[PDB]
């Protein structure tokens, strides 16, 4: 019921998720002990309606809705898999996957009604098909770049338990390996704990290449490369030191675990001090913020600022060119043997305004030539992506990531399995 039991539960489970996905991609067998770990995390997360956790001196309510639905979906998926696997025990996983109706499983959970899901799905399939066709045209597989939060994954109320379900990890890995010469993922958060490498159910050294800090740090092929590109070397190491006195401090009661939960990025520390609506007892919020400037010591080079109600940042500029996702993308593609310039298609998937520099970059290099799936936002954003490219026949708007997941799964069933 406590914090560390929540964290530890979610993380051991997530590691198990990774193992399951491994079994599922590599043709190994699926232990019912694994699945059962999943099952138990699920049935605890619903017992005593969304649940609250505690230390000693503090207690806080936490929305576990995403964690729950993640687990739930995964369980009905995996069940379908295993009962088709129980015989024939040697049937290739992908074929079994083509027998499992993922569409109906995901086309329960969502904001519109079903028929919307259906049609967005149909459209998205069609779209993706056009992309694949790129490779029949140019004799090179195309490039795939995607945002994570909101885009490949539903939003989670807290960053630490933001956890990728199995089905999406599988579909994504398969899609990327089969259809693409490059698949990059750009996130705002850091790489490891708790970064996106820890949050993912996916291979990480395979066909998908994961980044964080908006492209400032990548995981490849086996290590982590980090582009500072700002004055200094000073408070890169200081941000490291501060992030330390923070590891130091969450020992105490307080709770790491709120909206973004103390992320160390390359250029900055970004910190949840408060939630929506109001939780975390504004007194304790204030005391902890001054624990934050406590640790912040010269007056050390780095600078505070209350970005918002709920969040806050410790920033290191000097310096910057003001790095965005476009730059992350370009740095990546150039680092490899490649270019967005090449003839063929680029598919980009995004959710907020932050993904637009990525489209700008893409069309700058390849105007013919770029595809975008955005999820699911307002007239303004829809209109903006329509703007930053041409038609509008190259734009696809869907309301949730599961539409993309189902479409991909379909495309895999059709082109891979026949």
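Positions refer to the first chain, counted from 1.
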Which class fits the unmodelled deposited stretch between residue 297 and residue 298: none, 1 to 3, 4 to 9, or 10 or more? 4 to 9
Interval residue 232-residue 233, deposited residues with no coordinates in the entry (none, 1 to 3, 4 to 9, 10 or more): none
Would you tell me which stretch averages the higher CA B-factor in the PDB entry, 113 to 121 or 151 to 159? 113 to 121
Comparing 128 to 136 with 199 to 207, which stretch shows the greater average C-alpha B-factor in the deposited entry? 128 to 136
Name the residue from 175, 214, 219, 103 with the greatest C-alpha temperature factor listed in the entry. 214
Name the one of 344, 89, 171, 254 with the greatest CA B-factor according to the PDB entry. 254
Looking at the entry's B-factor column for C-alpha atoms only, identify whether residue 31 ranks in the lowest, middle or highest third of its chain. middle
Sorting the chain's CA B-factors, does residue 67 end up in the lowest, middle or highest third? lowest
Sorting the chain's CA B-factors, does residue 77 end up in the lowest, middle or highest third? middle
Divide the modelled residues of the chain into thirds by Cα B-factor and specify which third, lowest, middle or highest, holds residue 382. lowest
Determine, from the deposited record, the chain-internal third of the Cα B-factor for residue 360: lowest, middle or highest. middle
